[PDB]
Asker: 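The structure's right below; bear with me while I get my questions together.
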Amino acid sequence: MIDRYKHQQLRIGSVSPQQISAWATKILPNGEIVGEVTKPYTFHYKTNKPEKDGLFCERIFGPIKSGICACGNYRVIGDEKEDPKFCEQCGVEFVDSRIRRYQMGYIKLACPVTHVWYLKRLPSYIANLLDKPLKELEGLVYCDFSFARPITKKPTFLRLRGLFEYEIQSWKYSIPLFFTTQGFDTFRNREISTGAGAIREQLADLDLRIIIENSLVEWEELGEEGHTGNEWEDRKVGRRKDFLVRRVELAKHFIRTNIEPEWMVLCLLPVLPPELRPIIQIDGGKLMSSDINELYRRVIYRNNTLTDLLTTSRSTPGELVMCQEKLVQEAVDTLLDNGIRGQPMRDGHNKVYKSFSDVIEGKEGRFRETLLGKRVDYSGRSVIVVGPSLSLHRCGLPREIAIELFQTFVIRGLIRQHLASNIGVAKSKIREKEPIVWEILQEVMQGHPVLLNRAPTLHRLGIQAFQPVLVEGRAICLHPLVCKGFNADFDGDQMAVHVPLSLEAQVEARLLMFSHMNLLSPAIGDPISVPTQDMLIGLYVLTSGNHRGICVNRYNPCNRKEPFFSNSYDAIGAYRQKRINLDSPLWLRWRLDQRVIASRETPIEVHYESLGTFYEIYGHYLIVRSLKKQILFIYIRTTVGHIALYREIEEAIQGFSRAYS
Amino acid sequence: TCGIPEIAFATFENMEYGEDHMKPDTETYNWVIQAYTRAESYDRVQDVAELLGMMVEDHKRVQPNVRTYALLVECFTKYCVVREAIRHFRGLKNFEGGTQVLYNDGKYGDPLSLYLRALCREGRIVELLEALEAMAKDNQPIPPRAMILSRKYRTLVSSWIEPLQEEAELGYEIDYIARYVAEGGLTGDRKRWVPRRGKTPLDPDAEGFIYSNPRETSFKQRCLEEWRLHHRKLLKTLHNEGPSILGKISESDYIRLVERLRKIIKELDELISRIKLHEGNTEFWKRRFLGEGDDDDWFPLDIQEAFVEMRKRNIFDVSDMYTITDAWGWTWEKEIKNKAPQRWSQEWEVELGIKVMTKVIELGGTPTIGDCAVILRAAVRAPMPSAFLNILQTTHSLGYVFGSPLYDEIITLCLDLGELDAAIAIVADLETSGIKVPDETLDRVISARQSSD
Amino acid sequence: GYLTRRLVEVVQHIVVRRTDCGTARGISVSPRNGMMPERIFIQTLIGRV
Amino acid sequence: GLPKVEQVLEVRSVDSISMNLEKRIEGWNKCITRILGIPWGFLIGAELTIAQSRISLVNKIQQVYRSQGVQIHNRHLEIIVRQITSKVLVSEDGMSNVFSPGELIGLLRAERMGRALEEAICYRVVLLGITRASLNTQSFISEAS
DNA sequence: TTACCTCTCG
RNA sequence: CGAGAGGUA
Ligand SMILES: [Mg+2]
């Protein structure tokens with residue numbers, strides 16, 4: 001066979017600054033760009049209207065009510081024939097409020113910042129690429145230290161070629177005076193380095209193919225006199241040995257992967273769509289406003305302070321800018337992954353704030369909590385009861401539960417039979433509990449199955465399907481023999497019901513999820529539905545037997561049972577008419593072939609007569625034979641109880657056969 | 001031809017684990033290898049190796065054809081695992097018309113060219129020798145990809161020599177302005193060598209290699225390196241299987257061999273010559289496996305008894321031991337492995353350089369004068385007078401004339417070593433070329449001739 | 001519950017996808033080689049090709 | 001009981017499950033190299049380690065279940081055991097363009113490449129715990145997150 | 001561990 | 001809506 005082929009793929013990748021922009025940018029009829037949100041304002045102060053350039057702004061994130069623009073007029077969406085996509089007065093985007101769920105916005109940052117994950121891991125990805133001490137790259141990042149030779153890409157007149165150096169005491173003013181206005185800037189950019197602009201630039205001009213060459217050589221040289229020294233030393237030799245492999249690998253991937261190494265330090269910053277951070281008025285909820293929003297404002301603020309500081313005060317020293325650079329970085333860090341560095345970063349009243357990593361992680365993290373399982377419609381719950389008379393394929397469903405689950409189906413019926421004019425008309429009939437609603441409900445559920453599950457669903461048998469039968473009362477009735485699979489008892493257990501809507505779904509339930517089809521357990525092949533408690537007691541009693549010797553007769557039978565029956569029906573009859581008891585011994589003629597399970601015992605007495613007939617008495621049977629060696633008669637000693645079990649098993653087989661026909 | 005390697009593997013998988021009618025054939029394996037080899041996005045080399053392994057496993061049913069050998073060489077080369085590439089080449093050569101396949105009209109990076117360029121950088125010129133020779137039998141011209149370096153001296157013919165990346169001395173100082181005008185001047189394109197941020201390799205040489213060009217090594221450095229290893233293996237056999245040995249004079253000799261072997265990397269010489277490791281010999285190992293040469297089911301603790309258990313239970317058996325050599329039935333290799341290498345010599349180089357120059361000359365190459373100058377200087381380092389006649393002959397043959405001082409010093413060397421006859425021959429040809437012999441040397445040459453007479 | 005969650009994760013991807021792999025190898029079961037009560041011998045073998 | 005099953009399945013220490021076993025595995029590896037050559041020694045050593053390990057792990061879990069009267073078929077344990085025992089670790093000595101020094105590759109793969117390639121691939125079997133196994137897989141989406 | 005229910009509190 | 005507490009099976 002030729003396989004039917006389907007190819008699907010999912011790709012994950014870090015994104016460039018230009019992309020984050022395109023995710024959130026539009027050009028209006030005026031020709032004006034929209035998208036960056038600058039102000040920290042959320043809505044309005046007691047006005048309940050989104051502010052402009054605000055975290056909830058309509059123009060950047062889409063309209064709040066459909067068709068009603070910023071101005072307050074309403075143009076009918078569904079028609080683009082003569083509708084300004086963007087109104088002259090305001091950016092309207094008239095079509096839908098759904099966009100507020102999906103639309104994105106971006107924030108420009110004056111200072112380059114660094115992502116936490118690459119830096120945080122002990123085998124830091126940035127460090128692995130850098131080949132410089134982890135402390136040195138980090139120190140520059142969180143504390144004021146300045147690199148001296150930032151770019152190896154371009155030649156520079158000053159030549160200390162130093163690393164991060166704390167002291168800027170080196171003449172810097174005379175150097176600026178000697179140099180032209182910004183002549184110093186060209187030189188400084190080439191040489192002096194600060195913050196993370198330096199990291200971004202060092203990462204940006206790096207030679208990967210060269211990096212591999214150096215590494216391999218160093219890796220080859222290391223291992224000289226390897227495995228031949230004091231315990232302390234070898235350990236160190238190895239740790240370097242690996243850092244080297246790890247680094248070669250990262251670079252190789254970069255060569256063939258289309259992801260640019262500089263993207264790790266971030267120029268633009270992304271913003272979640274406004275709905276996903278409802279921040280609804282905390283009208284007594286008190287937590288309705290999102291911490292997402294709270295964290296967002298801080299980054300927005302420090303950034304605005306810096307943009308102004310630079311514009312306002314070129315004269316003010318780098319000390320003013322240096323002070324607030326660190327502040328901006330820290331807000332972003334908490335927003336991305338707080339607790340990575342272990343900083344509490346919490347308001348005193350508040351718990352440590354929720355970083356976006358927390359949102360994703362764990363049981364309540366998006367993937368486990370929402371992606372793997374979800375709440376559903378067309379479902380119900382109630383307590384369970386014994387239901388002995390039901391058949392294996394059936395279950396009893398309370399009527400109140402049913403009317404809820406099968407409502408749509410009944411409305412159709414009322415309309416189809418023309419007992420109601422409109423959908424609204426019918427819903428009324430359902431409420432007055434008129435008797436007709438019940439005849440229609442019964443008709444609709446006749447060949448439609450339903451699914452039942454118990455709470456701790458340990459194994460497949462936890463969910464099984466049944467044909468529902470309407471019952472009055474408020475509990476679900478279940479067949480006695482299905483309880484082992486569900487592990488259910490009748491002392492407070494509850495169950496849930498689901499209805500299968502599609503035709504495809506309905507076929508699967510009848511054909512692959514019904515009890516008759518699943519009578520053997522998955523683990524070794526054993527029967528899962530077998531008679532278990534009271535039922536077993538009854539079967540044992542029927543087959544238990546009768547007193548045999550001293551128990552039935554006081555004195556030896558030597559010094560000195562009777563009923564003989566021809567067909568089994570007569571015997572069962574005598575039991576009813578009280579002629580005999582369940583345990584009384586009896587003799588039954590058998591016309592068939594010696595199927596009685598009994599021990600291999602030779603006859604107790606053979607009695608042989610002169611004309612030729614021989615009678616053989618065994619413990620449970622008498623066989624009469626003649627000279628021609630033919631068995632004239634066989635009689636079995638038994639009790640009524642034994643014949644009753646045989647008859648039921650036999651009749652059931654024959655009945656099923658006669659029904660098929 | 002899609003670009004996504006997987007779509008083809010899916011079709012292969014339907015075939016490999018299916019019924020007999022649909023089983024894979026040699027053409028099939030070859031199509032899947034192409035996808036992986038000619039793919040633009042990920043490492044895809046481990047994958048090729050695994051696929052090859054499957055083919056070898058089905059040896060009885062399937063045997064290789066020419067495209068197989070062709071495709072394989074491209075992959076290993078482009079990925080810079082040159083050692084395996086050479087093993088495969090041995091096969092394509094046996095076939096006729098092979099070179100034509102490897103160069104697929106130059107359509108995909110000129111795989112034939114890439115091989116040669118790599119072999120050289122790696123200093124594997126004995127192999128270059130074999131290859132360049134091979135091409136000839138097939139009448140396929142050396143492709144244009146052979147190219148000059150920033151120092152124009154580099155060319156396949158001259159690069160393997162020891163002085164590296166160094167312009168050759170031509171007497172007259174190279175005309176720097178003249179080179180510029182030639183490549184691009186006034187209008188035109190020159191690969192201006194200024195470093196840029198974008199990740200496209202600056203050497204035009206790197207193009208066509210997935211990650212980068214092979215690292216540069218001279219014939220010399222390579223030769224020392226190759227040498228150490230053979231020795232190391234003998235030492236290795238000594239380390240694990242060698243404390244005990246057949247010879248009864250071993251106790252005195254052991255002390256000597258061990259210290260010495262260590263020295264080699266950084267009498268009983270005959271005994272060392274005697275010692276050998278059988279590698280590539282499946283059979284030797286086979287014999288070894290056979291052995292001819294609480295309270296649960298626990299395998300027996302000694303290795304050799306485990307081997308008996310492995311057999312009884314059917315876990316492994318002798319039939320299972322095969323490799324490509326056994327499977328594809330190539331007999332050429334057995335000879336190569338056992339021999340130790342030949343040590344490096346300046347003279348060794350001279351013979352090889354010359355042989356190379358003619359074949360490239362034969363096949364349409366245009367070596368630069370600087371290249372010849374490279375061979376010339378090398379000849380001078382350890383006296384090799386005879387070469388001078390052929391090489392100067394060739395350079396003028398190539399329509400190139402060298403500066404006079406270099407010419408005279410070699411004539412002086414010949415006079416010093418007594419090769420007066422060679423000097424005269426040079427002057428006679430020099431006259432034919434029309435270049436002028438220095439007068440002072442010329443009178444001296446006549447005086448030397450008078451002395452000989 | 002922890003043991004089950006983790007066991008399902010290691011082997012979730014395995015589905016029966018083909019009729020014959022084409023192997024010609026099989027494990028060998030002996031009554032001996034372990035002291036095996038006949039019960040154990042029977043149970044291992046039932047259901048196998 | 002259950003703790004023991006978690007211990008056996010999550011193989012934190014190879015010896016922890018059976019002392020007799022660690023003995024054999026460390027022993028085999030040292031001894032095998034001298035006796036056999038590079039193309040064939042790693043492969044045979046792997047096959048032997050894989051075989052003993054597999055028997056022991058199934059047998060140890062099973063004894064715990066049989067003590068208490070719970071009967072589960074073997075096929076089921078074998079699907080799980082295979083994943084624990086299916087991968088190999090390339091060693092420190094091995095660097096080539098094809099393979100990096102510490103990596104996890106699958107057994108069938110490694111074996112195939114070894115026949116094909118004269119380049120030395122050095123490998124040894126690593127028993128992986130149930131938890132570790134998941135983290136090394138083909139699907140980032142779920143299998144690993 | 002799963003599911004289920006009620007409440008109070010800023 | 002975010003926390004806390006008492007239950008159920
Ligand atoms: Mg209960």
Side-chain angles (χ1 to χ4, degrees), chain A residues 117-137 203 206-223 226 229 232-243 245-248 250-255 257 259 261 264, chain B residues 42 44-47 49-50 76 79-82 84 199 209-215, chain D residues 38 42 87-106 109-110 113-114 117 119-126 128 132 135-137 140 144:
Chain A
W117 305 329
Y118 305 94
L119 296 171
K120 212 54 65 181
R121 315 308 122 182
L122 280 314
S124 311
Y125 305 123
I126 300 192
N128 288 160
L129 292 185
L130 291 192
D131 218 348
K132 69 160 55 64
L134 182 57
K135 299 92 52 184
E136 164 182 348
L137 61 107
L203 279 162
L206 191 58
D207 229 0
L208 308 135
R209 290 165 172 91
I210 267 60
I211 276 331
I212 82 188
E213 180 69 25
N214 304 144
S215 199
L216 263 60
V217 173
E218 206 259 273
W219 189 89
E220 239 71 31
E221 296 295 325
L222 200 57
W232 169 253
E233 319 293 331
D234 48 68
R235 195 275 318 172
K236 195 52 189 177
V237 175
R239 194 186 186 94
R240 189 68 180 177
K241 189 146 288 299
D242 191 33
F243 164 84
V245 184
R246 181 165 63 253
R247 135 183 183 87
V248 174
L250 258 81
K252 264 189 175 185
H253 286 302
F254 270 115
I255 302 177
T257 200
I259 298 294
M264 307 186 218
Chain B
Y42 291 102
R44 275 66 177 264
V45 58
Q46 286 209 348
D47 308 340
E50 158 86 348
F76 290 115
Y79 281 99
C80 284
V81 193
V82 184
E84 251 76 24
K199 38 181 178 181
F209 276 77
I210 301 295
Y211 280 137
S212 68
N213 279 338
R215 47 177 60 177
Chain D
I38 315 178
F42 291 118
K87 282 184 177 178
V88 101
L89 240 161
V90 37
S91 200
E92 281 76 27
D93 307 349
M95 203 175 67
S96 171
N97 312 71
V98 194
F99 32 81
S100 287
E103 277 178 340
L104 269 73
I105 34 185
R109 168 167 284 188
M113 297 193 296
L117 301 186
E119 236 290 336
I121 169 178
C122 32
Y123 53 88
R124 223 184 310 270
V125 181
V126 42
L128 297 173
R132 304 181 56 192
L135 296 169
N136 317 317
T137 37
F140 65 93

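Labels below follow one simple rule: chain letters A, B, ... track the order of the sequence lines, proteins then strands, and each chain is numbered from 1.
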Asker: Nearest heavy-atom pair of A/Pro123 and A/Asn128: which atoms, and what distance?
Answerer: O-OD1, 3.4 Å
Asker: Would you say A/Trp219 and A/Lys241 make side-chain contact, with heavy atoms under 4.5 Å?
Answerer: yes
Asker: Could you tell me if the side chain of D/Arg132 sits less than 4.5 Å from the side chain of D/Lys87, heavy atoms only?
Answerer: no
Asker: Return the minimal non-hydrogen interatomic distance between D/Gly94 and D/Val90, and the atom names on each side.
Answerer: O-CG2, 4.3 Å
Asker: Does some side-chain heavy atom of D/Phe42 sit less than 4.5 Å from a side-chain heavy atom of D/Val88?
Answerer: no
Asker: Just verifying a value: how many Å separate A/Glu218 CD and A/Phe243 CZ, rounded to the nearest 0.5 Å?
Answerer: 9.0 Å
Asker: Does some side-chain heavy atom of D/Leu104 sit less than 4.5 Å from a side-chain heavy atom of D/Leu128?
Answerer: yes
Asker: Looking at CD of D/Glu119 and CD1 of D/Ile38, how far apart are the two atoms once the value is rounded to the nearest 0.5 Å?
Answerer: 10.0 Å
Asker: Would you name the heavy atoms of D/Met113 and D/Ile121 that are closest together and state the gap between them?
Answerer: CE-CD1, 3.7 Å
Asker: Salt bridge check, A/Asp131 against A/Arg240: does any charged N sit closer than 4.0 Å to a carboxylate O?
Answerer: yes
Asker: Could you walk me through whether A/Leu203 and A/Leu130 satisfy the side chain to side chain contact (heavy atoms under 4.5 Å, CB included) test, starting with their C-alpha distance in whole Å, then the side-chain angles of each, then the deciding distance to 0.1 Å, before giving a yes or no?
Answerer: CA-CA 8 Å; A/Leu203 279 162; A/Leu130 291 192; 4.1 Å; yes
Asker: Checking the side chain of A/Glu213 only, and the main-chain atoms of B/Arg215 only, is there a donor and an acceptor separated by less than 3.5 Å?
Answerer: no
Asker: Measuring from D/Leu117:CG to D/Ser96:OG, what's the distance to the nearest 0.5 Å?
Answerer: 8.0 Å
Asker: So do the side chains of A/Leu119 and A/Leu134 get within less than 4.5 Å of each other, counting heavy atoms only?
Answerer: no
Asker: Are D/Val98 and B/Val81 packed together at the side-chain level, in the sense that at least one heavy-atom pair is separated by less than 4.5 angstrom?
Answerer: yes
Asker: Could you tell me which non-hydrogen atom of B/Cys80 sits nearest to which non-hydrogen atom of B/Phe209, and how far apart they are?
Answerer: SG-CD2, 3.5 Å
Asker: Any heavy-atom pair between the side chains of A/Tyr118 and A/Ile126 that's under 4.5 Å?
Answerer: yes
Asker: If every non-hydrogen atom of D/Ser100 is compared with every non-hydrogen atom of D/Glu103, which pair is closest and at what distance?
Answerer: N-OE1, 3.3 Å
Asker: Hey, what do you get for CZ (D/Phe99) to OG (D/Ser91), rounding to the nearest 0.5 Å?
Answerer: 11.5 Å
Asker: Would you sort out whether A/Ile255 and B/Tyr211 count as a side chain to side chain contact (heavy atoms under 4.5 Å, CB included), showing the intermediate values?
Answerer: CA-CA 7 Å; A/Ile255 302 177; B/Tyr211 280 137; 4.1 Å; yes
Asker: Among all residues two or more places apart in sequence or in another chain, which pass the salt bridge (charged side-chain N to carboxylate O under 4.0 Å, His left out) test with D/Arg124?
Answerer: none
Asker: In the structure I gave you, are the side-chain heavy atoms of A/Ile212 and B/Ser212 within less than 4.5 Å of one another anywhere?
Answerer: yes
Asker: Would you find more than 12 non-hydrogen atoms of other residues, nucleotides or ligands less than 6.0 Å from D/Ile105 atom CD1?
Answerer: yes
Asker: Going from SG on D/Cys122 to CG on D/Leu89, what distance comes out if it is rounded to the nearest 0.5 angstrom?
Answerer: 10.5 Å
Asker: Between atom CG of A/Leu250 and atom CG of A/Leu208, what is the distance when rounded to the nearest 0.5 Å?
Answerer: 10.5 Å
Asker: Please report the shortest heavy-atom distance between A/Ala251 and A/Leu129, naming the atom on each side.
Answerer: N-CD2, 4.3 Å
Asker: Would you indicate whether B/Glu50, at its atom CD, is surrounded by more than 12 heavy atoms from other residues, nucleotides or ligands within a distance under 6.0 Å?
Answerer: yes
